[PDB]
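Chain identifiers are assigned alphabetically (A, B, ...) following the order of the sequence lines, protein sequences preceding nucleic acid strands; residue numbering begins at 1 within each chain. Every number for a ligand or one of its atoms is a count from 1 in the order of the listing.
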Amino acid sequence: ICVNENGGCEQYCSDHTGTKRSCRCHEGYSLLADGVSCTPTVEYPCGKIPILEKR
Amino acid sequence: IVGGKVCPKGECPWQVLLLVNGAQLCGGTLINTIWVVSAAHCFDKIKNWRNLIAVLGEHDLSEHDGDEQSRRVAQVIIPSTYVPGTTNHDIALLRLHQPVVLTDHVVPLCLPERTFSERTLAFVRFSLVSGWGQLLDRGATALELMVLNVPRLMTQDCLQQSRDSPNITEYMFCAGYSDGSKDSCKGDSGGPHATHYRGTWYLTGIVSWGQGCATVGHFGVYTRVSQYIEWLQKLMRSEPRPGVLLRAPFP
Ligand SMILES: CCc1cc2ccc1CCOC(=O)Nc1ccc(S(=O)(=O)C(C)C)c(c1)CN(C)C(=O)[C@@H]2Nc1cccc(C(N)=O)c1
Ligand SMILES: [Ca+2]
């Protein structure tokens, strides 16, 4: 599942026993109930540009 | 950077400036508050290890605006497989003496997971390369941080599209242009090759080498960071060691 279109994940993808897929997030992010989206949990998450994010 | 533009202030917040005795040495990428990834070849000619400084929040070299944060480099970690004066395994992991403070001008770049980097990030065509390197071949270096958008090539196309030539290993990748108009240069060494994916930027490459600055028939060569994720992660979890330079087994 992960090999194709990142398994639908916004960030990290883990394949499981069967056609089971868990999306994961980098530190400073949490997974939303859609199970694919990552939302920041900190003021300065990695890979985001504050001056652009505040626009 | 040849043929780029001035990165607007705060738009490359993970860019590191490395200094030796106050002189411009290399670039780097902040990946959290205490760790910077750069190129191993940046440290080939260092003798004064205690004079290594990392500057975060830097933009314009002629002015202090208060957003700059300077830190002593407590440790430089290089793979055992890297040989000074050569191209392969061109990566360094730097531990700052004290954490940097995250602000609008100082933000880490995401060091991605290997699988995600190999199966997803490797297929994003364009990525950003940055530094205060030379603006032209045999020209002066930049006073303001420059950025360039470069396309990544499959290693087969790099070889057939190019004109005593060093090989391109599984620990490298080509990115850029063959017409001599746009390139990363030697003063950009160690800087980030950053890839955007679904609203977030990730570290995919390190400015490593080439066959002359913006040379016709030749592409930029970047360290393939995906090959070092595990090596980097294991070292970030390890206790500091006496001495500035550390050679660490690779893999
Ligand atoms: C991987 C190493 C490398 C690096 C490059 C050229 C060839 C080689 C392979 C052979 O080994 C060396 O020459 N080692 C070496 C060691 C220390 C220094 S240094 O100056 O001490 C350090 C502080 C940067 C330099 C070189 C200076 N120098 C020429 C470079 O840094 C140059 N960098 C570079 C980066 C991006 C694009 C281009 C491009 N388009 O040409 C060139
Ligand atoms: Ca400044």
Side-chain angles (χ1 to χ4, degrees), chain B residues 1-4 6-7 9-10 12 15-28 38-48 51-53 55-70 76 78-79 81-92 105-106 129-139 141-146 148 150 158 162 164-169 171-193 205-224:
Chain B
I1 299 295
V2 178
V6 167
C7 196
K9 188 186 148 63
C12 303
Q15 180 79 48
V16 182
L17 174 68
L18 295 176
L19 300 179
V20 63
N21 306 301
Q24 202 177 311
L25 174 75
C26 270
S38 193
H41 85 261
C42 289
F43 311 92
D44 274 19
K45 295 170 192 169
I46 303 314
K47 274 139 240 294
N48 288 163
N51 296 125
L52 251 46
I53 291 284
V55 188
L56 271 300
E58 185 62 274
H59 174 66
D60 193 322
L61 302 185
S62 72
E63 185 192 49
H64 177 82
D65 62 16
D67 298 321
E68 308 85 344
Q69 293 182 50
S70 274
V76 179
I78 280 159
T81 53
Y82 169 77
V83 177
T86 69
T87 59
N88 219 11
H89 306 284
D90 195 21
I91 181 166
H105 294 102
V106 176
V129 172
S130 47
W132 296 262
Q134 23 301 97
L135 297 170
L136 304 169
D137 178 35
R138 285 161 299 173
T141 63
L143 250 36
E144 289 180 289
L145 183 62
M146 307 295 296
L148 182 71
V150 291
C158 183
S162 58
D164 201 55
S165 67
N167 310 338
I168 281 113
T169 71
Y171 302 98
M172 307 170 192
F173 71 87
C174 303
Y177 305 85
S178 44
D179 64 4
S181 64
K182 295 166 221 84
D183 208 8
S184 59
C185 263
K186 73 178 184 178
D188 300 311
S189 283
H193 170 279
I206 304 155
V207 180
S208 183
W209 62 281
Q211 302 266 262
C213 288
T215 294
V216 304
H218 299 301
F219 296 96
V221 191
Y222 300 80
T223 307
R224 212 198 292 272

Query - Heavy-atom gap B/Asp188 to ligand 1 smaller than 4.0 Å - result: no

**Report entry** Check: B/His41 N/O within less than 3.5 Å of ligand 1 N/O
**Finding:** yes

Query raised in the report: Looking at atom 20 (O) of ligand 1, what's its closest protein heavy atom, distance included?
Result: B/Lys45 NZ, 4.3 Å

Report task. Output the list of atoms in ligand 1 that are nearer than 4.0 Å to some heavy atom of B/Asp90, sorted by atom number. Result -> 1 (C)

Report task. Measure from the Ca ion (ligand 2) to each N, O or S atom of B/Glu68 and report whether any distance is below 3.0 Å. Result -> yes

Query - Nearest protein heavy atom with distance in Å, relative to atom 32 (C) of ligand 1 - result: B/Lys186 CB, 3.7 Å

Query raised in the report: Does atom NZ of B/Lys9 have more than 12 heavy-atom neighbours, drawn from other residues, nucleotides or ligands, at distances under 6.0 Å?
Result: yes

Query raised in the report: Do any N/O atoms on B/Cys42 end up under 3.5 angstrom from N/O atoms on ligand 1?
Result: no

Report task. Measure the distance from atom 10 (C) of ligand 1 to every protein heavy atom, then report the residue, atom name and distance (to 0.1 Å) of the closest one. Result -> B/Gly85 O, 3.5 Å

**Report entry** More than 12 heavy atoms of other groups within 6.0 Å of B/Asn167 CG
**Finding:** no

Report summary line: The closest protein heavy-atom partner of atom 4 (C) of ligand 1 is B/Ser208 O, 3.6 Å

Report summary line: Numbered in order shown, the ligand 1 atoms found under 4.0 Å of a heavy atom of B/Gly212 are 39 (C), 40 (N), 41 (O)

Requested in this report: Identify, for atom 9 (C) of ligand 1, the protein heavy atom at the shortest distance, and state residue, atom and that distance.
Outcome: B/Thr87 CG2, 3.5 Å

Query raised in the report: For ligand 1, which atoms sit closer than 4.0 Å to a heavy atom of B/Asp183?
Result: 40 (N)

Requested in this report: Please find out if the Ca ion (ligand 2) and some N, O or S atom of B/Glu63 are separated by less than 3.0 Å.
Outcome: yes

Requested in this report: Mark the output for B/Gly220 as yes if a heavy-atom distance to ligand 1 is under 4.0 Å, and as no if none is.
Outcome: no

Query - Ligand-residue contact atoms, ligand 1 with B/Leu25, heavy atoms, under 4.0 Å - result: 23 (C)

Query - Contact check, side chains of B/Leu25 and B/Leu19, non-hydrogen atoms, under 4.5 Å - result: no

Query - Taking atom 5 (C) of ligand 1 as the reference point, the nearest protein heavy atom with its distance - result: B/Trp209 CB, 3.9 Å

Requested in this report: Report the C-alpha separation of B/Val216 and B/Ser178 in whole Å, then their side-chain angles, then the decisive distance to 0.1 Å, and conclude whether the side-chain contact (heavy atoms from CB on, under 4.5 Å) test is met.
Outcome: CA-CA 5 Å; B/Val216 304; B/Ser178 44; over 6 Å; no

Report summary line: Distance col, row B/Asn88:CG vs B/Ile168:CD1, nearest 0.5 angstrom, shows 11.0 Å

Report summary line: atom 37 (C) of ligand 1 sits nearest the protein heavy atom B/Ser184 O, 3.4 Å

Query raised in the report: Can you check whether a protein heavy atom sits less than 4.0 angstrom from atom 13 (O) of ligand 1?
Result: no

Query raised in the report: Should you measure from each heavy atom of B/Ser189, which atoms of ligand 1 turn up under 4.0 Å away?
Result: 31 (O), 33 (N), 34 (C), 35 (C)

Requested in this report: Report yes or no: do B/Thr81 and B/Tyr171 form a side-chain donor-acceptor pair below 3.5 Å?
Outcome: no

